[PDB]
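K.L.:
quick one: experimental structure and sequence below.
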Amino acid sequence: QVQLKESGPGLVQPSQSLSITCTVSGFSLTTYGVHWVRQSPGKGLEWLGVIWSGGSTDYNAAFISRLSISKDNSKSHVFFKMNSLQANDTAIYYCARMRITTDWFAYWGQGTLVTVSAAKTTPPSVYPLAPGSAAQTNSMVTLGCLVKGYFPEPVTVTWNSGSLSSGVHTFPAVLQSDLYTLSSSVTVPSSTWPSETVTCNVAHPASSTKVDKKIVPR
Amino acid sequence: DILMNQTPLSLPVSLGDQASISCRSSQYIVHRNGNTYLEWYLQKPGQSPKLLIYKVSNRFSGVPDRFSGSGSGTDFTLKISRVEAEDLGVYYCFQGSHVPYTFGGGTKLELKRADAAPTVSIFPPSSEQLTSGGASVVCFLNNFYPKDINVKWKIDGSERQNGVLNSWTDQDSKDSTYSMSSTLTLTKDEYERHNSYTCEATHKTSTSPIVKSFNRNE
Ligand SMILES: *[C@@H]1O[C@H](CO)[C@@H](O)[C@H](O)[C@H]1NC(C)=O
């Protein structure tokens, strides 16, 4: 059916530019305008600009100096280019058909997550989290894994090679300095640990590292 | 720029309830070529926003009849006759009348449930980390509802602000609870200077904080 396909980078170096292509299908760029929007945690959804069916553009005034949008009608391509990116430009970017007059064709692209950083690829340190020596006993016990100092995202954390899946919580990564850190926890019946071994498996495809850490009593 | 102000910021609902969400603009949203460009979007976890209503009250195709929009001038309303599970997510109003076009800040529609106190767990630095010269204390606060929660760190009973990084999950799709991690990062030297480490959680389920603690000497 009707679709907008986005293509562009996951990572942009600070001061460098961000090029995204939106490929339209199901309708003609000669017929409708295409808008660009971004979404960040801090700022919410922000409209960036539009290229109208007729070929003219309008831009959000807070971006007009470093923003540009053009299109190729024949190949159904819309081109988005933003210059001089900085850390606060980290966001998901979307092309969208919006400001709708008719009952048809209104769809947004799968967004492009763009991370702005000068970090280099860095494998994680992986640390097991066993309960303290004197921690109080429950019918359940929580264990954990701390994954620290990696770049870029993502890592994938699994427990017992994915065999332990229920009672798992893996938290979003957060920027610590210019590297990422996350933790994951698993909860098992108290009777099963340490008698039944529990190991976190942490993969980081960008550094080709795969590390297992058994959680051992301290 | 035109401010779009949404109310409420979050709306707990159970399935089968009615729901009403409001959006107020800082200016009259005037027609353009006889069209009033006021739209409502729903964004589910991990997906792009999808158009629900365009031109104030027109249901986009595929959008079920339980959705309706109304309003004029500065005041607009999205109504849901009868909430289904697939209606959970973040709703945004959008105005396409005055450049720069602008979105509301979002209203999260979320599923109401029985109250749950968080399961709190605290973990001393791993000895692997200690050898590297770092010391992260980790606290997991898992499977709580409602979402409001505050975490306080204490070192020898003295409130600790610096070096704390928190990470929250979104509402779990299965049990509808929330989870949070809190990590206090210190140098190894700093860690050694102190004996007692406490994570204190304040949650609606009680006035008395949930305290978990360990002592560096055991
Ligand atoms: C974000 O950072 C840049 C570069 O430091 C600054 O000039 C820009 O205005 C900031 N933008 C916002 C919206 O805070």
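P.N.:
Cool, got the structure. Residues are numbered from 1 along each chain as shown, chains lettered A, B, ... in the order given.

K.L.:
tell me the spacing between the closest residue to residue B:132 other than its chain neighbours and residue B:70.
P.N.:
Excluding the flanking residues, the one nearest residue B:132 by CB to CB, 6 or more residues apart in numbering or on different chains is residue A:125, at 6.9 Å. From N, CA and C alone the C-beta is placed, and that goes for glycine too. Using CB to CB, to the nearest Å, residue A:125 is found at 55 Å from residue B:70.

K.L.:
more neighbours: which of the two?
P.N.:
Remark: of residue A:125 and residue B:70, residue A:125 carries more neighbours, 19 against 12, as counted by other CB atoms under 10 Å in any protein chain shown.

K.L.:
list the beta-bridge partners for that one.
P.N.:
residue A:148 (DSSP bridges).

K.L.:
my guess is it contacts residue A:149. True?
P.N.:
Yes. Between residue A:125 and residue A:149 there is a contact under CB atoms under 8 Å: 5.2 Å.

K.L.:
would the helix or strand where residue A:70 lies count as contacting chain B?
P.N.:
Using DSSP states H and E, residue A:70 falls within strand A:67-72. No. Against chain B, strand A:67-72 shows no contacts by CB under 8 Å from any CB of the partner chain, the least distance being 11.5 Å.

K.L.:
which elements pack onto that strand?
P.N.:
strand A:34-40, strand A:44-51, strand A:57-59, strand A:77-82 (3 or more CB pairs under 8 Å, 6 or more residues apart in numbering or on different chains; DSSP states H and E).

K.L.:
and the ones you listed: which comes nearest chain B?
P.N.:
strand A:44-51 (4.0 Å; CB to the nearest CB).

K.L.:
how close does residue A:179 sit to residue B:81?
P.N.:
The gap separating residue A:179 from residue B:81 is 48 Å, by CB to CB.

K.L.:
let me fix that: residue A:84
P.N.:
Separation of residue A:84 from residue B:81 (CB to CB) stands at 48 Å.

K.L.:
residue B:54 too?
P.N.:
Counting by CB to CB, the gap from residue B:54 to residue B:81 is 19 Å.

K.L.:
quick one, which of these two is more surrounded?
P.N.:
The residue with more neighbours, out of residue B:54 and residue B:81 and counting by other CB under 10 Å, is residue B:54; that gives 27 against 12.

K.L.:
so who does the more buried one touch?
P.N.:
A:100-101, A:106, B:37, B:39, B:60 (CB atoms under 8 Å, 6 or more residues apart in numbering or on different chains).

K.L.:
let's go with 10 Å and repeat that
P.N.:
By CB atoms under 10 Å, 6 or more residues apart in numbering or on different chains, the residues touching residue B:54 are A:98-103, A:106, B:35-41, B:60, B:63, B:69, B:94, B:96.
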